[PDB]
């Protein structure tokens, strides 16, 4: 029954990582809105929240890769880690666009992140399916 809890924790890492990665990009936009409204300190707070959420998401993504040992899982896990690196740099580019106070630059790397996020969602769906297949197999 130890192997089942291990699969469930891989599932939680995956679902938590994606949720916090989306939150992180959302907080960048909220920070940019605060700055355009004259609240530079609250913009600073939202920037810190975005980096925090992104760093936690990255920690969970790497934990998932490290604890992935089933061969049907590791090929996708590598893809998830590479694709998340893409998403992180785009969110970093969003925080940098906030720094420039450049709006048209913000829209460019915002589309970047949404593009990479769309591929993270497809990868998450494959891994959840691989994970829960493995869990159901242990039970049968």
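Take the two forms, find the largest set of C-alpha atoms that superpose within 1.5 Å, and that set is the rigid core. Positions refer to the first chain, counted from 1.
Superposing on the core and measuring CA offsets in 5 other deposited structures of this protein, the stretch of 98-106 and 46-54 with the greater mean deviation is 98-106. Looking at 107-115 and 57-65, the one farther from the shown form in 5 other deposited structures of this protein by average CA distance, after a rigid core fit, turns out to be 107-115. Remark: stretch with higher mean C-alpha B factor among 31-39 and 97-105 is 97-105. A summary of the deposited B-factors shows that, of 65-73 and 48-56, the stretch with the larger mean C-alpha value is 65-73. Among the modelled residues of its chain, residue 113 has a C-alpha B-factor that falls in the highest third according to the deposited record. Looking at the C-alpha B-factors along this chain, the one for residue 13 belongs to the lowest third.
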